[PDB]
>>> print(open('data30.cif').read())   # mmCIF, C-alpha atoms
data_data
loop_
_atom_site.group_PDB
_atom_site.id
_atom_site.type_symbol
_atom_site.label_atom_id
_atom_site.label_comp_id
_atom_site.auth_asym_id
_atom_site.auth_seq_id
_atom_site.Cartn_x
_atom_site.Cartn_y
_atom_site.Cartn_z
ATOM 1 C CA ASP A 1 106.150 100.978 86.678
ATOM 2 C CA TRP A 2 108.635 98.105 87.080
ATOM 3 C CA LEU A 3 110.551 100.360 89.484
ATOM 4 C CA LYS A 4 107.693 100.046 91.994
ATOM 5 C CA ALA A 5 109.010 96.482 92.294
ATOM 6 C CA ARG A 6 112.623 97.716 92.477
ATOM 7 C CA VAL A 7 111.484 99.454 95.678
ATOM 8 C CA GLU A 8 109.547 96.496 97.139
ATOM 9 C CA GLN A 9 112.573 94.174 97.006
ATOM 10 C CA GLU A 10 114.433 97.089 98.630
ATOM 11 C CA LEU A 11 112.345 97.472 101.809
ATOM 12 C CA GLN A 12 111.494 93.757 101.527
ATOM 13 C CA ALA A 13 114.714 92.331 103.013
ATOM 14 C CA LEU A 14 115.208 95.444 105.174
ATOM 15 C CA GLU A 15 111.819 95.317 106.939
ATOM 16 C CA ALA A 16 112.132 91.507 106.894
ATOM 17 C CA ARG A 17 114.821 91.731 109.602
ATOM 18 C CA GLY A 18 114.234 95.249 110.973
ATOM 19 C CA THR A 19 112.127 95.678 114.132
ATOM 20 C CA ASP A 20 112.473 99.483 114.249
ATOM 21 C CA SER A 21 110.941 101.154 111.175
ATOM 22 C CA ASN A 22 107.140 100.776 111.321
ATOM 23 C CA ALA A 23 106.822 104.558 111.084
ATOM 24 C CA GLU A 24 109.313 105.696 108.421
ATOM 25 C CA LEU A 25 107.380 103.408 106.041
ATOM 26 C CA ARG A 26 105.082 106.330 105.148
ATOM 27 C CA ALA A 27 107.888 108.806 104.365
ATOM 28 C CA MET A 28 109.072 106.029 102.013
ATOM 29 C CA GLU A 29 105.926 105.860 99.846
ATOM 30 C CA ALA A 30 106.501 109.594 99.265
ATOM 31 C CA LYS A 31 109.887 109.112 97.557
ATOM 32 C CA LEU A 32 108.261 106.201 95.685
ATOM 33 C CA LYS A 33 106.507 108.342 93.044
ATOM 34 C CA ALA A 34 109.459 110.763 93.257
ATOM 35 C CA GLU A 35 111.534 108.084 91.488
ATOM 36 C CA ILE A 36 108.907 107.410 88.792
ATOM 37 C CA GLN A 37 109.548 111.028 87.742
ATOM 38 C CA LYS A 38 112.937 110.064 86.260
#
>>> encode(input="data30.cif", output="structure tokens")
Amino acid sequence: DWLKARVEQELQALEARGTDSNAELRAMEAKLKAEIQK
């Protein structure tokens, strides 16, 4: 479960200064659980 945070800090600084990724956000949540499986 802690990994869920490992991902937040990841897209946290990226989306914090990225004005061109308000769509790929969804495709991201998909890989989210994909990581929990390992």
>>> closest_residue(input="data30.cif", among="A:30, A:24, A:36, A:17", to="residue 5 (chain A)", atoms="all atoms listed in the file")
A:36
>>> atom_distance(input="data30.cif", atom1="CA of residue 21 (chain A)", atom2="CA of residue 38 (chain A)")
26.5 Å
>>> resolve_selection(input="data30.cif", expression="the PyMOL selection byres ((chain A and resi 32) around 12)", output="list in words")
residues 1, 2, 3, 4, 5, 6, 7, 8, 10, 11, 25, 26, 27, 28, 29, 30, 31, 33, 34, 35, 36, 37 and 38 of chain A
>>> build_atoms(input="data30.cif", residues="region 14-34 of chain A", atoms="N, CA and C atoms", output="mmCIF file, keeping the file's coordinate frame")
data_model
loop_
_atom_site.group_PDB
_atom_site.id
_atom_site.type_symbol
_atom_site.label_atom_id
_atom_site.label_comp_id
_atom_site.auth_asym_id
_atom_site.auth_seq_id
_atom_site.Cartn_x
_atom_site.Cartn_y
_atom_site.Cartn_z
ATOM 1 N N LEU A 14 114.917 94.520 104.043
ATOM 2 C CA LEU A 14 115.208 95.444 105.174
ATOM 3 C C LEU A 14 114.144 95.275 106.261
ATOM 4 N N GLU A 15 112.899 95.465 105.923
ATOM 5 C CA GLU A 15 111.819 95.317 106.939
ATOM 6 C C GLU A 15 111.680 93.845 107.333
ATOM 7 N N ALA A 16 112.239 92.956 106.559
ATOM 8 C CA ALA A 16 112.132 91.507 106.894
ATOM 9 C C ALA A 16 112.950 91.213 108.154
ATOM 10 N N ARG A 17 113.987 91.969 108.390
ATOM 11 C CA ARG A 17 114.821 91.731 109.602
ATOM 12 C C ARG A 17 115.038 93.055 110.336
ATOM 13 N N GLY A 18 114.080 93.940 110.278
ATOM 14 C CA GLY A 18 114.234 95.249 110.973
ATOM 15 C C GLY A 18 113.037 95.481 111.896
ATOM 16 N N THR A 19 113.253 95.456 113.182
ATOM 17 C CA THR A 19 112.127 95.678 114.132
ATOM 18 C C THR A 19 112.183 97.114 114.660
ATOM 19 N N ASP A 20 112.403 98.066 113.794
ATOM 20 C CA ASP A 20 112.473 99.483 114.249
ATOM 21 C C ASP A 20 112.274 100.419 113.054
ATOM 22 N N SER A 21 111.187 100.273 112.345
ATOM 23 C CA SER A 21 110.941 101.154 111.175
ATOM 24 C C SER A 21 109.477 101.038 110.744
ATOM 25 N N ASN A 22 108.581 100.894 111.682
ATOM 26 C CA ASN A 22 107.140 100.776 111.321
ATOM 27 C C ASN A 22 106.520 102.166 111.225
ATOM 28 N N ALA A 23 107.338 103.169 111.178
ATOM 29 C CA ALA A 23 106.822 104.558 111.084
ATOM 30 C C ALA A 23 107.408 105.241 109.846
ATOM 31 N N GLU A 24 108.679 105.059 109.605
ATOM 32 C CA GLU A 24 109.313 105.696 108.421
ATOM 33 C C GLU A 24 108.726 105.099 107.138
ATOM 34 N N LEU A 25 107.976 104.037 107.254
ATOM 35 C CA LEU A 25 107.380 103.408 106.041
ATOM 36 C C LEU A 25 106.625 104.464 105.230
ATOM 37 N N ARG A 26 105.847 105.283 105.883
ATOM 38 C CA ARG A 26 105.082 106.330 105.148
ATOM 39 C C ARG A 26 106.050 107.228 104.372
ATOM 40 N N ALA A 27 106.922 107.909 105.062
ATOM 41 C CA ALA A 27 107.888 108.806 104.365
ATOM 42 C C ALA A 27 108.479 108.087 103.148
ATOM 43 N N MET A 28 108.506 106.782 103.170
ATOM 44 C CA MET A 28 109.072 106.029 102.013
ATOM 45 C C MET A 28 108.130 106.144 100.811
ATOM 46 N N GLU A 29 106.889 105.777 100.979
ATOM 47 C CA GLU A 29 105.926 105.860 99.846
ATOM 48 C C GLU A 29 106.070 107.214 99.146
ATOM 49 N N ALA A 30 106.353 108.251 99.887
ATOM 50 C CA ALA A 30 106.501 109.594 99.265
ATOM 51 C C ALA A 30 107.589 109.549 98.189
ATOM 52 N N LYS A 31 108.783 109.170 98.555
ATOM 53 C CA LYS A 31 109.887 109.112 97.557
ATOM 54 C C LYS A 31 109.531 108.118 96.449
ATOM 55 N N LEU A 32 108.646 107.199 96.723
ATOM 56 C CA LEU A 32 108.261 106.201 95.685
ATOM 57 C C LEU A 32 107.956 106.915 94.365
ATOM 58 N N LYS A 33 106.865 107.628 94.302
ATOM 59 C CA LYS A 33 106.507 108.342 93.044
ATOM 60 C C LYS A 33 107.647 109.279 92.636
ATOM 61 N N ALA A 34 108.340 109.837 93.591
ATOM 62 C CA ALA A 34 109.459 110.763 93.257
ATOM 63 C C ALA A 34 110.417 110.084 92.276
#
